[PDB]
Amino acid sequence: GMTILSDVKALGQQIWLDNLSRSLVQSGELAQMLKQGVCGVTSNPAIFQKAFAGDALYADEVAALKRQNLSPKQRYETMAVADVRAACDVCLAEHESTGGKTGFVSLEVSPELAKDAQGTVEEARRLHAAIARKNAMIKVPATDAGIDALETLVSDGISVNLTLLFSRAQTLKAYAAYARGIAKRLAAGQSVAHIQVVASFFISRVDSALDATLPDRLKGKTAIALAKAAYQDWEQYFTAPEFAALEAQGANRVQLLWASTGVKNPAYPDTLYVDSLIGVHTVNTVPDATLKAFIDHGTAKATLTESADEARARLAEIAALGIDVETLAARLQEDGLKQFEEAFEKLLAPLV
């Protein structure tokens, strides 16, 4: 039932909607979702490609923008920034009710900047200023350049959603960059209490990559095991004395955010990923259909930290089989960037 979203909040996890469109906001649906337990919104280039293609309310906006001397990218940005600012306004009461801990809307920078740290910083600062809302996060892929950019953006006071994480090692590198940016601001006497960062760690794409060649006792288990080990890493990193010294001064922990949590294999229950990854101080962003499956027949239980020993044993067998999860993670991040660039080019063509 609908109350499950509140039950999950009580277990310490926010549930965000992994979709955004002009009609979602204009219809009043997003506002009703925020009253019913949804706590935020994520977008990406694929989400916008599907929204622009299918939502009737973009037609008049595109016709208006084609009357202006603007690049396809600027037409896209005008549309997307407007959707994000409208969604931010819907989510602002929630955001302010928790002291700025919830109610975020994420907008991703152009995929072509993913390996350009300076260009990423410049675009992120610009989009942050263009949206002009305290509850907007700029979404940046967790490449090496993206972790460079994260440190700078954190030091600039900008909230960031670091995405396309598939690696525990890369995630730990992101925490260290965050901490360096927080330390910089504290040394300069600047505020840190409103800076929020999430680390979007992808789930289904790990199982999609491996399951066809895994032995039976591991099919459908690797992504959850990797996430459960990542959360143990998170507990260790943020409780250590080094970070505690920053949190004592007002720093917020980074939070893990489970992404790609729609089930893609019909052999698994449609709520598998949401049901399996509930723990305190985390986020799960879900597509519409998964949100409705979870409301209908999901289960609210603190599952993320259960049986961590078995998660470790499974990761040890994955390595025994010759699957290097760090090599896989790099490949999956690369593939995700190619897929996002393909979607971006597909949405730009009708805006020429």
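Numbering starts at 1 and follows the sequence shown.
With 210-218 and 195-203 compared on mean CA B-factor from the PDB entry, the stretch scoring higher is 210-218. As listed in the deposited structure, the average C-alpha B-factor of 185-193 and of 241-249 is greater for 185-193.
Looking at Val283, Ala53, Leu304, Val38, the one whose CA carries the top B-factor in the deposited record is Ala53. For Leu332, the recorded CA B-factor ranks within the lowest third of the chain. Only modelled residues enter the ranking. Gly298: CA B factor lies in the highest third for its chain, per the PDB record.
In the deposited entry, the Cα temperature factor of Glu342 sits in the top third of values across the chain's modelled residues.
Sort the modelled residues of the chain by CA B factor and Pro287 lands in the lowest third.
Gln74: CA B factor in the highest third of modelled residues in this chain (values from the PDB entry).
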